Amino acid sequence: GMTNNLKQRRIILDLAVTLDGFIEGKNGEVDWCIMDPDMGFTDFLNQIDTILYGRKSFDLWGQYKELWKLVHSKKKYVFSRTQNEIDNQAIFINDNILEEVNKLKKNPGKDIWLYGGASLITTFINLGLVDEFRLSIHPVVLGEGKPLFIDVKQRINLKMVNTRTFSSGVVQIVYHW
Amino acid sequence: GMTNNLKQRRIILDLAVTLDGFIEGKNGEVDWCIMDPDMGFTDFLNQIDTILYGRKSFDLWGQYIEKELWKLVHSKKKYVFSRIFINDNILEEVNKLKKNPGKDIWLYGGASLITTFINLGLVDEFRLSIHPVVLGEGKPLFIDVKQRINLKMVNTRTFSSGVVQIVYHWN
Ligand SMILES: [Cl-]
């Protein structure tokens, strides 16, 4: 008989992305994002116990119909998103990030949603910390904005696991890394 | 009874794109690109009678030697444009072309010609085979776009390689 089980915990991105690869407009526009009832978002929430936010995403989106009762039922964890006024970009200590993420992964629990904002997401991808990419690719080309993939140093090969199409023309592809 | 039919001719992109939006590496790398017999490429070729190239892209692929796919490709009429590409000249060349009767048109390459036609509102279908690869740098399919383009998704096909071809109409 079984004496122990470890299901390894996963950090998961679940987001809308444009066809030209932007998760958000250049001034934070997300009007083009489409919430569809069949995206498996309730079922995705049930598979997570934690949500990661950087300070700027937490202070805006992070504390406020039924989806929001589930969302806010999750344990919330907040990273620093210092703004460097030199170049007006987010600045992180990557060693702190890895320490904090490992401290979390040490604990028992289910999966972890990396919520935002855009700069923190990007940083997690480039630290090799995202296990699963649930990408709702919208039938729009924004022309400019905040990219999902930026400052990528080598090829990231992915495994496609799910492909889902909606009446809206949105195609969700789920990739495991 | 019928006296005339016109099927309006479509200019179509059919290419491999990475997950992060690149149709080629920095230095022209297409090593990552996957060719599947189930991509409907025989059928796409049968629906076109014309292929558009830039001079740089024609020298590379325009007379390349499945050798049965290439026999079909080479059976098409070819327009080779010269080069920057100037907007007015392409528009004029394309309007001259669209005067003629016949089937659809494959915009083949290269990256800069593809971009010229896109930003001129000249691409009607985008057959995008998205590879499960983040290339990290290269030539983007969508580069220097001045307004939102809204698309109608018409087909989504998956492959055992993890490639996903989504077909879009610019309406
Ligand atoms: Cl943030």
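In what follows, chains are A, B, ... by sequence order, proteins preceding strands, each numbered from 1. What's counted below: heavy atoms across the whole structure, side chains too, no hydrogens, waters or symmetry copies.
- Taking hydrophobic clusters as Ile, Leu, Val, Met, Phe, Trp and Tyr residues chained together by side-chain heavy-atom distances below 4.5 Å, A/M39 does not share a cluster with B/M153.
- In this structure, OG1 in A/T122 is found 9.0 Å from CG in A/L13, a value given to the nearest 0.5 Å.
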Residues 170-177 of chain A, side-chain donor-acceptor partners within the protein, below 3.5 Å, at least two apart:
{"from": "A/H176", "atom 1": "NE2", "to": "A/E132", "atom 2": "OE1", "distance (Å)": "2.8"}

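- Note on B/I143 and B/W170: separate hydrophobic clusters, where clusters join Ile, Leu, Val, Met, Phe, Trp and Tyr whose side-chain heavy atoms are under 4.5 Å apart, directly or indirectly.
- Contact detail for B/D38 and B/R157: the closest heavy-atom pair is O-NH1, 3.1 Å.
- Other residues, nucleotides and ligands place more than 12 heavy atoms under 6.0 Å from the CH2 atom of B/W70.
- The backbone N or O of A/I48 sits less than 3.5 Å from a side-chain atom of A/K74, completing a donor-acceptor pair.
- Shown here are the side-chain hydrogen bond (donor to acceptor under 3.5 Å, both in side chains) partners of B/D59, two or more places apart in sequence or in another chain: B/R55.
- Applying the side-chain hydrogen bond (donor to acceptor under 3.5 Å, both in side chains) criterion to B/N119, with sequence neighbours excluded, gives no partner residue.
- Within 6.0 Å of NZ on A/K26 lie no more than 12 heavy atoms contributed by other residues, nucleotides or ligands.
- Taking all atoms of both residues into account, the shortest heavy-atom contact from B/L19 to B/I130 is CA-CG2, 3.9 Å.
- Using cut-offs of 30° and 60° for the angle between ring planes, the B/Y108 and B/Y53 rings count as tilted.
- In this structure, B/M35 places its CE atom where only 12 or fewer heavy-atom neighbours from other residues, nucleotides or ligands lie under 6.0 Å away.
- Counting only N and O atoms by type, the side chains of A/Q89 and A/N84 include no donor and acceptor under 3.5 Å apart.
- Hydrophobic clustering (side-chain heavy atoms under 4.5 Å, transitive across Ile, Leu, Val, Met, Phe, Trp, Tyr) keeps A/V101 apart from A/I93.
- Taking the salt bridge (charged side-chain N to carboxylate O under 4.0 Å, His left out) definition, one finds that A/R155 meets it with B/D31, sequence neighbours left out.
- Results of the ring pair (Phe, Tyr, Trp, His ring centres under 6.0 Å) test with B/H131 over B/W32, B/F159, B/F22 single out B/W32 as the only residue that passes.
- No path of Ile, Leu, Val, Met, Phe, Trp and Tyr side chains, each step under 4.5 Å between heavy atoms, connects A/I112 with A/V161, placing them in separate hydrophobic clusters.
- Listed by first and then second residue, the salt bridge (charged side-chain N to carboxylate O under 4.0 Å, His left out) pairs involving residues 61-75 of chain B are B/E68-B/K71 (not counting sequence neighbours).
- The backbone N or O of B/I12 lies less than 3.5 Å from no partner atom in the side chain of B/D124, so there is not a single donor-acceptor pair.
- For the 3.5 Å distance criterion, the side chains of B/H74 and B/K78 qualify, holding a donor opposite an acceptor.
- More than 12 heavy atoms of other residues, nucleotides or ligands sit less than 6.0 Å from atom CD of A/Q63.
- Here the closest heavy-atom approach between residue A/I23 and residue A/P147 is recorded as CD1-O, 4.3 Å.
- Checked against the 6.0 Å centroid criterion, the rings of A/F79 and A/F124 qualify as a close aromatic pair.
- Placement of B/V80 and B/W106 within a single hydrophobic cluster is found when ILVMFWY residues are connected by side-chain heavy-atom separations under 4.5 Å, directly or transitively.
- Annotation for A/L142 and A/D20: closest pair N-OD1, 3.2 Å, computed over non-hydrogen atoms.
- When all heavy atoms are compared, the tightest approach of B/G25 to B/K139 is O-CG, 3.9 Å.
- Applying the salt bridge (charged side-chain N to carboxylate O under 4.0 Å, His left out) criterion to B/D49, with sequence neighbours excluded, gives B/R9.
- Taking each heavy atom of B/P132 and B/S161 in turn, the nearest pair found is CG-O, 3.7 Å.
- Other residues, nucleotides and ligands contribute over 12 non-hydrogen atoms within 6.0 Å of the CG atom of B/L69.
- For the residue pair A/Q8 and A/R10, no side-chain donor N or O sits within less than 3.5 Å of a side-chain acceptor on the partner.
- Atom CD of B/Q63 sits in a sparse spot, with 12 or fewer heavy atoms from other residues, nucleotides or ligands closer than 6.0 Å.
- The closest donor-acceptor contact from the side chain of B/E29 to the backbone of B/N27 lies under 3.5 Å.
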